[PDB]
Structure formats: structure tokens, C-alpha cells
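So the protein lines, in turn, are chains A, C, E, G, K, U, I and O. Here the deposited numbering is used: the first residue of the first sequence is 29, the next is one more, and so on. Here the deposited numbering is used: the first residue of the second sequence is 45, the next is one more, and so on. Here the deposited numbering is used: the first residue of the third sequence is 96, the next is one more, and so on. Here the deposited numbering is used: the first residue of the fourth sequence is 53, the next is one more, and so on. Here the deposited numbering is used: the first residue of the fifth sequence is 14, the next is one more, and so on. Here the deposited numbering is used: the first residue of the sixth sequence is 107, the next is one more, and so on. Here the deposited numbering is used: the first residue of the seventh sequence is 51, the next is one more, and so on. Here the deposited numbering is used: the first residue of the eighth sequence is 15, the next is one more, and so on. The next block holds one structure in the form of C-alpha cells; read it before the comments.
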Amino acid sequence: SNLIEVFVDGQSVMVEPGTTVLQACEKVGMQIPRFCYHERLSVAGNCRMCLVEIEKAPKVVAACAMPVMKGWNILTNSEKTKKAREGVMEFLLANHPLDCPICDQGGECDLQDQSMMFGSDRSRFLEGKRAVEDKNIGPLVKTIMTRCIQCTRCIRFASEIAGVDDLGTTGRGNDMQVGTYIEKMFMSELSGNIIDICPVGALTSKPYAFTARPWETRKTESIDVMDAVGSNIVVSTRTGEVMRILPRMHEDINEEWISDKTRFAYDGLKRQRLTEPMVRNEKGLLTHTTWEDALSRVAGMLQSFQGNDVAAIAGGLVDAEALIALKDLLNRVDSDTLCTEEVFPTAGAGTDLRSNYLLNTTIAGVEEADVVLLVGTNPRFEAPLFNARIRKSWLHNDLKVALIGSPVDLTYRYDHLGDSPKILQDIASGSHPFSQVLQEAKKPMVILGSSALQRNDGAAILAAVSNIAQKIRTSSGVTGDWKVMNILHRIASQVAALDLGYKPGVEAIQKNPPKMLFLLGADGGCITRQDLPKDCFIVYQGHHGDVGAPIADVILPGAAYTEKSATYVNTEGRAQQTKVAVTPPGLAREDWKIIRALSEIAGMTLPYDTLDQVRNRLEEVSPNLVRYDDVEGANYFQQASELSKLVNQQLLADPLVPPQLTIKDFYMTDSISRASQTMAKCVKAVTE
Amino acid sequence: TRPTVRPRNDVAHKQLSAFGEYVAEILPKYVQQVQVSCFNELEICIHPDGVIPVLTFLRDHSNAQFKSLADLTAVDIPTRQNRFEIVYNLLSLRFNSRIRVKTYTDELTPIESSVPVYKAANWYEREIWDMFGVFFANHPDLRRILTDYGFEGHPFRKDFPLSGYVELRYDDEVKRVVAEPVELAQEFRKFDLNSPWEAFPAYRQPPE
Amino acid sequence: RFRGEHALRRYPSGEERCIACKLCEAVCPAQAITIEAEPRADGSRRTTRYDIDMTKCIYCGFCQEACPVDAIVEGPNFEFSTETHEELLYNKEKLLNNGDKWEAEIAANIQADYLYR
Amino acid sequence: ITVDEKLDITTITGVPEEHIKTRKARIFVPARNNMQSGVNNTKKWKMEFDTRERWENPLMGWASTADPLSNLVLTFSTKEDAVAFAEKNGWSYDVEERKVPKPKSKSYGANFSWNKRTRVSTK
Amino acid sequence: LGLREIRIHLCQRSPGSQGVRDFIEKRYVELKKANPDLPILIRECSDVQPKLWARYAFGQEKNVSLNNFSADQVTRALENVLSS
Amino acid sequence: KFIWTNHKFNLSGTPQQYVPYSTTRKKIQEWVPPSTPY
Amino acid sequence: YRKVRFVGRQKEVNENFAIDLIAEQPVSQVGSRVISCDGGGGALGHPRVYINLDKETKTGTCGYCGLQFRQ
Amino acid sequence: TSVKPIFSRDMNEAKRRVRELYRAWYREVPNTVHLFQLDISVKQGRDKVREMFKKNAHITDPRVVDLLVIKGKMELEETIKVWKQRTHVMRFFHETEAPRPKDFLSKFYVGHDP
Ligand code: SF4
Ligand code: SF4
Ligand code: SF4
Ligand code: SF4
Ligand code: FES
Ligand SMILES: [Zn+2]
């Protein structure tokens, strides 16, 4: 029912009435040569490089953009097709410079992996070769527009997803260029992602630029942690060093796109790094030590203190395996008092079943929604790929989007509804329009961001939006279940950390003065020694030395994110194990194995040694940390929403402002952002 | 088609088609596939029980002598559910023709050795034992040829990484010449040369 | 057309004719060459390290003929026989010295023989 | 005859030294070096091993190493015969998944609208 | 101490676990109305033998295995540990 | 131009024997602790 | 730590440098639009590439050629 | 299991065959200690053999045991004769190679997870 039986190469196949010759011939396993067609873009017909000879016809058509009628004989290999592909791809290889000694796409470029397989055998021009000039765009994208097969693929990118309409087509005939007519710089998030799109060596990387050819790298897949959704990358080592990283095209997150910060931040891995254990020396001095001095040094103080005078904070980018060796060491001594760096208010729940603390509609359900309301967040500069999914789903079907607080620049036509916490209280009632379109919605979606919930009125706004999430779901609600209330984040290892059974928000240490703290937070200054009591020690365990490692007693090294098999959890409860790329330099070690040799030199010895025994200890506590990349159906929060009505805190008087600047707050955030000097070199080119 | 392209002939493509038609007709206990190579050669698949008789049928006859064993070899293939591949090869000295005998096998399943039929395959069978581990049955002399006295890997198969485990050296700690764990002074870079776009349309796998 | 000691030529007034295009290292059958480039400060790309073992060198003539910019040349002098294995490893700044001890020798050879290849 | 039917799990030992229990293998589908667009690099399940240390040889900078496996890719045809090789030699493993994209709905000529939102320019 | 918390595991389906799927409906909002100190955890899927961990006394484990109770047996088998 | 003066030699230890070395920058550049004051 | 390998070995290193020996070239001028540089003589040197010389303030040494080229 | 065996049938001819060749090696320890002019104590050479046969006792299958026989049967060609020039025999006794830690804390000082 509803298909056309179409014969490719004299062999039947059944396609929908309305597909292409391209996709139908790609169903029986053939690749016609493609230039002007990428899947995640629109379709143009401006290179004429798919030329199928359709049977019983004089003419030759483009298989990129035409429907498939009643059952043709799509005749791919003939003697008129092969006279066309060979004839089109002698044209563009004429007006073209004679590089591949020095052009940087010398390994993959598609004037080269066509032109052995398809295409001609020799050249007949024999002099000419027009030569246009280059220019600059930014300090990310080296631009040599001499090369330029003029496929108009980078230009349809900008009018699409990355909604800055900046590039164009300037000229007539052979005389045309591509780049921006005025000298405007083109820079946003997703700005460096065009250098994958560009099918020849025109757009190429600036920091990587002249280092290594791509038949030598060793691709090992991995997951990146600088952000909420995680990533899907593939690192590329040459001789034990990271050269550059790519996207990996997972079908739900990173559809094919990667974030710009996550691409150009491998320099911070190897610039300013701590390699060895260091001893106290009694002044502001702090000097290196051999590995068997500073082990029983701190392990001496464990046998002395007891009770709540020792604690630990951890809220950065460490995994969910070096956050079990901490929890079973501080709670076999029965002194828990430990929290993450991030502030998250708990009112009736929060550690138990979490009820909205994971993003309940997944990313694949965002394309199914109809009316999206979101409050208290600037979604552009935190989880940008979730923003691009809105940008896709705002197009290609209808969508209606409103926002509360702080008029900012989102690329699609939203409307600033109001700017106060009191808009939330009135929208529980019927007023201040759209007013009932949430009630008149078929698949609603109400996002709270984690930028507003960090504030002092967090227990109010948590219960306020859960009321209107209750108000919609008790009406019908949707059809249907269609989980409504949800949240995102901006710190990667929090959902991994919190669903081990920690507490949210640094409050327990904020009241009492415990003596010794372990810092794995750490660079955010929510605790200083001034807020601490006097010069009683704190022992630091990390890999960078930005803020908190100069103010420390004994520091211990660790491996960052490309050096250890780990586990991280994005905002849907997936579990994405990163893998080994480089072994960590110097005397640095893995994080969770320095804890056992802290344990075994002290009294208590933990009943697990290898990494498989660690993950069974995970499977004891949480059984969904080995169910890799699966989103189970479990909401259970009708009980939670009434029980979260227990706390009756009210709102405040302040506009829900995000921390983010025009762009400039996007670059320098976490830890690896800070030490990476290319972020330091692309930040002064913004301000000028 | 043109110059610098090999001219074929249909003479040998018809005779070697017609000849080995009746090697499957008159021994249909063993022969389970016969196919004609496009460059005028013959392959004939034989169940490993017919290792001795279909040689012995060939070994002496009036219509197919094949009295010279040119090459016994062996190929290993993971993902086949029966690993190896034993390939015999013979020469009709009266007739100027070639035919290959491709008998599949496994590790633990022995093969009846072709020692009595041809005395050429005495050394061609001690060798394959050392390089893969195929145990040829009732061999009159099975030993250790082409390897050292300490290898236990059977190295020409896909599970033995290229450099060994036993990189050797000397020391004066007594007098001896002693082994060690393997210790390279360079990585042995592994390049990547397998380029996309599926350049060969004729040999194309079924779509699935 | 004799094969022997290695060299790196350079242009009239010097440019270090190499451009680090990474082909003389991809068709050494014996994996002798070891190149690590970097964008040099002027903007044109060059080598930093260049290493040819003189023991793994099996003396093909596959470096000599893969080069587009016509730089690395098997030079015609069999003068050798050093006394330490620590020495036969070549750096970049040996080859240039060894490639500018003569170019009156080499450039008389290549001008005679480039007409065939 | 003497065909002696029974059932016992085939596990082999003796040939490597100690790398049976130390190393967990990894089976994956390779996925499309994204700087180009040809999809012949897919369609074969492979396996690949762990990575270990690479120090520096303190005379040049050659990244010398132990870890004698370090360069082994095998090409298996399917999942069904993927795991059937990690058991017969008897080492651990972990299995990835094959990912094939959305089917999907694209139509040139929908780029020009009367009241819809997909309408492109600058072409 | 004892104690600190407990860990209610279950499965989403394979309906032998259906005591907890009524126990949340009956005694969670009545259960956690009492004890506003103890952060009892709920996790995802054991898929078989839906156990119930307890953790106290310098980090020691006590695991009952309710496989298939009623809605009233799970109502009363929790205060075995909650009282103690 | 760029030709040598007269000649040279391949002298095994003259005392000069060229003794090959590495020609790169160091890679990771480890972080140094703060100063002697606090 | 590393410098002991050339104690009494004279440490033979390069003398001339071409890190910048470009600059002594009298950078050529033409008064045209695009120029060829198969520099170093025909059938030797780098392949022929056509450079645009219209801007601030030179061709760009061809990418291959090294020699400062301009109008 | 449709495959013919090598020598044995099932668990009994095999586990009398492996006890046969042990009496060969027990006899042919004190011969090679003077046939190669190697100076150790003779009880060392008997300790290595009774060490080696206990290594493989986890087998629950025939014709795998029979495969180890063929290796064990072969070595008595070279060892009882003179084909190994004093050096291929002495590789079983790892005298040169440094001791491995094999305990957790000693690995942690030296070596990135061996
Ligand atoms: S940058 Fe060059 S290759 Fe890419 S779309 Fe523009 S003209 Fe085409
Ligand atoms: S972009 Fe194409 S034509 Fe230009 S150098 Fe690269 S492969 Fe050659
Ligand atoms: S001589 Fe040629 S191949 Fe060798 S480094 Fe220079 S440009 Fe590359
Ligand atoms: S002669 Fe051959 S093997 Fe030797 S360096 Fe040149 S290309 Fe490599
Ligand atoms: S080939 Fe891309 S437009 Fe038809
Ligand atoms: Zn030039």
C-alpha cells in the first residue's frame, strides 16, 4: 500500500511515491557520485554530477532532485551515463590550482576520491586557470577561496541551521566569489563546524593547519565532556598526542554536528598541567616529592579525625567511577557531609527517582512537540546542539515558542513573554497571553533551565512550574501520557554524580567548619579558605592548576578525559563510556586507583581492585549505569508533584538573567577552556 | 576493447569448461562445487573426506593424468565457521592444463595426508603444521621446520601479531644468549589506505 | 643514475627546497623517514625534524621519484663506514650539510637524466 | 566412522602468554571519516584492542613501545560470527551497535511556499 | 549509624515485580510524609529479584529480596528496617 | 653560493663525530607551583 | 641532563639558515593581474601555479616558491 | 560433535596416554644434565616437569588433551637427542628476567596499569 514498484538496473525495489532516484538507488546499495547534496541540508542542482541514464528516453536527468514515477528502469551503468560523469568532471578540474603538496585535505578530498574511480584519465586545457584571491573570516577558519568548486554547500548551511545569514553568492558567470562582500567577521557557536561541510580544501582548520596528513592518525571513538548533552567524537592520535577531533554522527544527539567549543579545546589538555605529587613546604612554598612520601602523609590524618570534621566537594568533570571510591571511603568511616559544586534546591525530592531532574522528553521527542515554552535560561550558549534541534524543528513544520526573562538573541522568532518571577505565579492562573495555548496544546513541553534554578528562590520556581506541569497533565493531559516537565544542565558530571546518591547544593559544609577537605570540584570558588576556618589543611586532587591548586596543602595528579576508560551521563540517563587515547604523562595516574592506595595504606581496604569490579559496585547501587544509551519509560511524579507542594517558599524581585554575554562568556568557562590559549586568542578578536 | 587490454580466447574457455564437467558427474560423492576461473583455470571444491580418492582418481587415468604436484598451500580465514583453506594444485604433463583442489577444514578436525599418493608432499605438509597447526593424519615424519625451537604461535595466522613475543639478546651475566619480553625502538606505524566509494560494481555484494 | 648517500637540495638563493608534503615517507617500503612538520612563522610550511636511518634504508629510489618539488635526491657518493650505531641515524641538519658539500656533483647528474623520467 | 558425539565448550590455551585475562577486546562498526562522504568504509564488523603506554625513546623522539598486540584489526562479516571468535580463543569483549540513519523525507520543490516557513533564497 | 537510607529497586515490566508498582501508589506519599530525614533511593531495573538494599553501620549492606509480594506485604516489610 | 670551502671528511671520532640529537620543542610543558610567599 | 652526548664531539650543526633568507630577494614586479611561477627553471622546481597579485601587499611566494613575489 | 578424533576416544585412553610420557620425562631429566654439560642440581629439572603438567588440568574435553600430547610427544625427539645447543633448553628457567610485583601496591608505584 502506497508504494511504486521501481526497477533499478533490472531488479525490483519498492519505494514511497515521492522519494528520489538518489535515495532509491541508495536502497539497493549504490552510491552515485555526489557533490551538491548533503543529507542534513536542502537540495540544489548546481553541479550536475549525478547523471543517471533513465531507460527508454533520449535525455539524461539529475538523480538528486526529481521524483520517481511509475516503475522506471533506473539504468545506472550504461554507455551514456559513463560518457557524462566523465565529461562533467573534466570541467571543474580545469580552473583549479595544482595543489596537493600543501593543501590540507590531501587525504579525503572529493576531487581526488572521485577522479581515480569515476572520471577521466588525462587533461586537455592546456593553459588558463583563473585565480581569485583569499581573505579572512575569523581566527578559526583558514580560507583559501582559490580552490572553490562553487558547490554552494557552505552557503546553504548559514541560511539553514546556524541561522546567521552572512554568506552569499556574488557575481555572474565565471566571475563569482563566495565569501562575505563586506569585511564582516562570521562568528557564532557552530561557526567552526563548516570545515567538515566544505567538500574540497577551501575551508580548512586554523590551529591544526599544518601538522599531519590523515592516513597516519589512529581513530579511537570517545565521548566529550564540556557540556550537558555530552558528545560523540573520534580523537586522532599521531604519536601519542591528540591532533584534532571530529564528529561521529550519532542519530539522536550530534545528528552530524559538533559544538565549536568542543572542537577547538584540545590545546588545554596539554598546555598547563600538573604531573607529580607535591609536598607542603611550610611557607607559601610547595615543592615536588617522590611518590612514597605523600601517601601516608594525608593517610595519617584519616586515623585522627572522625565524624563530620572531614568532607569532600566534587562538581567538575570527573567520571562516575572515581565518584564511588570517594563515597565508599568517606562513608565507611561514617562521615558523609559531601556535596557537588553545583547548586540545586531540594524541596520534597531530588535524590529519589528525581521526577523531572532528567530531561523527560528526549531530544528525539523535541521534533514531535507543538508548543514549547521555556523559562529562566539562555539555551544558546549552553547545550548548543539542543538549540540547533529547536532551529530544525521550528522549520520543516510549525512550532510556537515563548520565553520568560532577559531579551537575548535567539535566531528564530520567539516572543519575550515577561521578565519577573511573578510571571510564573500568574501563569498558574489564566492571564498575560498564550494564557491557555498550553491548555490548548496537543504535545506540550515546558523547560526549566539550570541557570535560574541555582538562585535563592529555587524551591519556589521548582514548585511553581511543576504546578502548571500538573495543571496541563490533569486536564487531558496531552492525548496520552507525553511527559511534560523537564530540565537541562550546564555541568557534565552532575547527573552522573547526583544519581549515585549525593546531596545537591553546598549548604551542609556552608554551615559548619570541618577541618580537612578534598577538592575535586574545584576551580569554581564557592569555597575559599576565608570561608573556611584557619590554616588546617585541604588536599587537592586534579589535573589543572588554575584556582585552588595554589591554595592547597598536598596536590595529587589525575588523568583528564582522554586518558581513562570512564562513564559519563548526559541529560537523559544515557551512559557513554569514554575510552583511552593517551596514557597520562609523567607521574600522573588514574583517579580512582589513587583512592584504593589511599585506602590500603590506611585501615579500611575496599573489596574491589579491577575496573570490572568497580562497575559491579556501580550495578549494586544503580543498575541503569550499565544499560548503555537507553531511555526507559519511568516518570512516577504525580506522587512527587503533590509531595513537592510541602515547601511554601515565595518568589523574589529580580529579572531572571543568565550569566552569558554577547558571545564572550561562551569561550572561557570550565577548566580546559581556561588553559587553552586558542580560546585566549579568539576572545580578543571578538572585542576588537 | 583496445590495446593494453588482455585479449582472451574462447577455445580454452570452452574446453576447460567442457573437460571438468564430468569430474562432478562421475564422482558425486565428494565434489560439491566446481567453478571455472575467467583466466582459463579450474577450481573444484572437495569435501575433506575425499582428500585421498579424488587425488587417487586423478593420479592415474587415461583422460586426466595430472602427475605433477606444483604447489600445496594453505590460507586461514576468520569468519568462515570453518577456518582454514587447503588448496592443492596439479599439472597435466600430457595435456598442458591446471586444476586446483580446494578442501576446507578446521583446526581440530584432522586431514588424511596425501603422503602415499604423492611423495612430493612430504615437506609441504610438515611445513603447514608449523605455520598454522593443521594436524595431517598418519604422517611418516612430523617435525619442526622453518621455526625456532621455542615458538608456540604458528605465526602465519591472523592471531600472531607481526613482531613476536620473544625478542632476543645477549648478556654476560653468565655466558648464555637469553630471551626477553619484546622491546621495540619504534612504533611500527600502521597507515590507513582503504579509501571509500566502492570502485568495483561487478563484484558487488548483495545489498541486505 | 647511481644510488648512494642522501641529500636535500635547495633553490637558488636558499629556500630549503622541501615543503613537507609527506610522500617520501609514505612509500619508503622500510619506514625509515620520520617527518614532523609545523607551520613556520613566516606562513610557508616546512619541516622541523627529518630523520633517515641509514640502516633501515634499503636503497630503493622510491623517495627520489615520489617527490613533487624535486628535493630529496640519492646522491652519488658511497663514502661511508662510521664506527658507531649512534651515528648512522641522520637528522635534518646533517643532510643539508651533506647536501651542500656538493651540488656541483648532483646538479650535473639530474640535468643529464631528467629527460627520461 | 567413530564420530563420538558430545558437547563441550571449545576453549584453547597455551599459544599467547599472559594477555588472555589482562586485555578486553572491542568489537565496533567503523563510522565514516567525516571530511569526505563515501560509505564503503562501513559494512564490516571489526575488532580492535586496548591502547597502552607510548613513551619517548631518549635519543630521537621515536614513540617506542612494548604492548606487542597494538596493531591488529580483523574484519568479520557479521555480529553472529563476531563474538564467535572472542570465545574460541577465550578473551573478554564489549559489543557496539550498528547505526543506520533516518530514512528520510526530503523533497526539492518544497523550498517554495505560499504560507509555509521553508523558503530559501540567495541561491 | 544506623541507619542512613535504603534503595528500592524494581523493574519496569516482567510483572512479578508488581508489588512496588502499587506500593509507590499507596505508601510513598504516605511513607515519605513520615521520616523527613532519610533519603531513600529509587533506581531503575534489576529485571529479576527486585531487591531492597539497606546501608548503615559504617557502610554495611543488608539486602532483602522481595520477589513477588502483595501491596500489603511491602507495606509492612519496610518497617522491619525502618523501626530498627 | 652555500657551497663549502674546500672539502670535509667522515671522521670517526676526530674527536668530532656529529653525535645526533633531537630537533623538537618539548610537548606538555608542566605547570610550576606558585611562589615562596603565600 | 641531555647535553652530555657531545662532550668532546664538537656538536656539528647547520651554519647558514633559510629560516629567513627570503628577504634578500629583490621582490619582482610586473604590473599585471596573474603570473606563473614554475620557479627554478623549466621541468624542475615546483609545479606551475597562478597567483593573484592584487592587494596588500604581495602575491604570497606561491605556497611553494618561497621567493617574495609581488607587483 | 561430528568430527573424528586423533588418537583417543573418550577420557580414558587419553588419561592413560598422558601418564605414559611422564615416565619418559622423569627418566630423561638426569641425562641432559650431563649430556649438555650444564651445572645445576638434578632436583631442579624434576621440579619443572611436575610443575608443567598440573598447568593444564582445567580441560573438560577430548582431542584438546590429545593436541597437547603431540607437542609433548615431539619434544622427546630434540631433547633426548642433541639438537638444542644448550640454550633452547635453558629458556624454561627464567634466570635473567626481573621479578614481577604481582601485588597491587607495588604495581601502583611503577607502571601504568599492567
Ligand atoms: S567553501 Fe568552497 S567548496 Fe565549500 S561550498 Fe563554498 S565554494 Fe564550495
Ligand atoms: S582541494 Fe582537491 S584539487 Fe585542491 S589540492 Fe585538495 S584534492 Fe587537490
Ligand atoms: S622532499 Fe618532497 S616528499 Fe620529501 S618532505 Fe620534501 S616535499 Fe615532502
Ligand atoms: S632509498 Fe627507499 S627505503 Fe631508503 S629512505 Fe629512500 S625511499 Fe626509503
Ligand atoms: S549531483 Fe549534486 S546536484 Fe545533481
Ligand atoms: Zn614559484
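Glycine included, C-beta positions come from ideal geometry on N, C-alpha and C.
Residue i, enclosing beta strand (DSSP E) - first and last residue
| i | result |
| --- | --- |
| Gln-569 of chain A | 566-570 |
| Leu-154 of chain A | First-last for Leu-154 of chain A: undefined, no H or E at that position. |
| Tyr-41 of chain K | Unbroken run through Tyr-41 of chain K: none, as it is neither H nor E. |
| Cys-158 of chain E | That residue, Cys-158 of chain E, is in no beta strand (DSSP E); its alpha helix (DSSP H) goes 158-161. |
| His-444 of chain A | 443-446 |
| residue 14 of chain A | Residue 14 of chain A is absent from the structure shown; chain A starts at 29 and stops at 716. |
| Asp-146 of chain E | 140-148 |
| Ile-19 of chain K | 18-21 |
| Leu-137 of chain C | It is not in any beta strand (DSSP E) - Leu-137 of chain C carries neither H nor E in the DSSP assignment. |
Alpha helix (DSSP H) segment containing residue i, residue limits
| i | result |
| --- | --- |
| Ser-332 of chain A | 322-332 |
| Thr-74 of chain G | 71-74 |
| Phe-546 of chain A | From DSSP, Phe-546 of chain A is part of no alpha helix (DSSP H) but of the beta strand (DSSP E) over 544-547. |
| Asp-224 of chain A | 222-225 |
| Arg-89 of chain K | 86-89 |
| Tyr-36 of chain O | 28-41 |
| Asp-426 of chain A | Segment: none, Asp-426 of chain A is in no alpha helix (DSSP H) and carries neither H nor E. |
| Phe-101 of chain C | 97-103 |
| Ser-96 of chain K | 92-96 |
Nearest-angstrom beta carbon gap, residue j and residue i [assumed within contact, 8 Å]
| i | j | result |
| --- | --- | --- |
| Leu-466 of chain A | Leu-560 of chain A | Incorrect: roughly 46 Å between the Cβ atoms, too far for contact. |
| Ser-699 of chain A | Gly-343 of chain A | At roughly 11 Å, the Cβ-Cβ gap does not stay under 8 Å, so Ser-699 of chain A and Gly-343 of chain A are not in contact. |
| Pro-686 of chain A | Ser-448 of chain A | Wrong, their Cβ atoms sit about 15 Å apart, outside the cutoff. |
| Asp-165 of chain E | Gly-95 of chain I | 7 Å |
| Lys-450 of chain A | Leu-679 of chain A | 6 Å |
| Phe-176 of chain C | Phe-200 of chain C | 7 Å |
With three or more C-beta pairs closer than 8 Å as the rule, is the region 612-621 of chain A touching the region 334-353 of chain A? Contact between the region 334-353 of chain A and the region 612-621 of chain A is present: three or more C-beta pairs spanning the two stretches fall below 8 Å.
If you measure from each residue's Cβ to the nearest non-hydrogen atom of ligand 1, which ones come out under 7 Å, in chain order? By the rule of a C-beta closer than 7 Å to any heavy atom of ligand 1, the residues picked out are A:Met-173, A:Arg-175, A:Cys-176, A:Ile-177, A:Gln-178, A:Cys-179, A:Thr-180, A:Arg-181, A:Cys-182, A:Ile-183, A:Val-206, A:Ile-225, A:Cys-226, A:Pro-227, A:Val-228, A:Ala-230 and A:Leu-231.
Below 8 Å, can you find three or more Cβ-Cβ pairs linking the region 129-143 of chain U to the region 56-72 of chain I? Taking 8 Å as the limit for Cβ pairs, the verdict is that the region 56-72 of chain I does not touch the region 129-143 of chain U.
For the region 139-209 of chain A, which segments carrying the alpha helix (DSSP H) assignment without a break, of at least 4 residues, lie completely within its bounds, in sequence order? Runs of the alpha helix (DSSP H) inside the region 139-209 of chain A: 183-187.
Determine contact between the region 98-105 of chain I and the region 119-131 of chain A, defined as no fewer than three beta-carbon pairs at a distance below 8 Å. Yes, the region 98-105 of chain I is in contact with the region 119-131 of chain A.
Is there contact here, the region 256-276 of chain A with the region 188-199 of chain A, by at least three beta-carbon pairs under 8 Å? The region 256-276 of chain A is not in contact with the region 188-199 of chain A.
Mind listing, in chain order, the residues whose beta carbon lies closer than 5 Å to a non-hydrogen atom of ligand 5? A Cβ closer than 5 Å to some heavy atom of ligand 5 marks a residue here, and those residues are A:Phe-63, A:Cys-64, A:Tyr-65, A:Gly-73, A:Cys-75, A:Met-77, A:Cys-78, A:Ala-90 and A:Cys-92.
Evaluate the contact criterion for the region 389-397 of chain A versus the region 567-575 of chain A: three or more CB pairs, one atom per stretch, below 8 Å. Segments in contact, no.
Residue ranges of each beta strand (DSSP E) run of no fewer than 3 residues wholly in the region 657-711 of chain A, ordered along the chain? Listed in chain order, nothing qualifies, since the region 657-711 of chain A has no complete beta strand (DSSP E) run of 3 or more residues.
Runs of beta strand (DSSP E) wholly within the region 259-298 of chain A (minimum 3 residues, chain order): DSSP runs (the beta strand (DSSP E)) wholly in the region 259-298 of chain A: 261-265.
Please confirm if the region 454-469 of chain A is in contact with the region 290-297 of chain A, defined as three or more CB-CB distances below 8 Å between the two stretches. Per the Cβ contact rule, the region 454-469 of chain A is not in contact with the region 290-297 of chain A (fewer than 3 Cβ pairs under 8 Å).
Inter-stretch contact at 8 Å, needing at least 3 Cβ pairs: the region 224-233 of chain A / the region 59-70 of chain G: They do not touch, by the three-pair rule.
Is the number of C-beta pairs between the region 27-47 of chain O and the region 107-115 of chain O that are closer than 8 Å three or more? The region 27-47 of chain O vs the region 107-115 of chain O: no contact.
Evaluate the contact criterion for the region 238-252 of chain C versus the region 130-138 of chain E: three or more CB pairs, one atom per stretch, below 8 Å. No, the region 238-252 of chain C is not in contact with the region 130-138 of chain E.
Under 8 Å: do the region 112-128 of chain C and the region 63-79 of chain C share three or more Cβ pairs, one atom per stretch? Short answer: they don't touch.
Counting pairs of Cβ atoms below 8 Å between the region 119-128 of chain U and the region 167-183 of chain E, do you hit three or more? The region 119-128 of chain U, when compared against the region 167-183 of chain E, does touch it at the 8 Å Cβ threshold.
Give a yes or no on contact between the region 89-101 of chain A and the region 32-46 of chain A, applying the rule of three or more CB pairs nearer than 8 Å. At 8 Å Cβ cutoff, the stretches touch.
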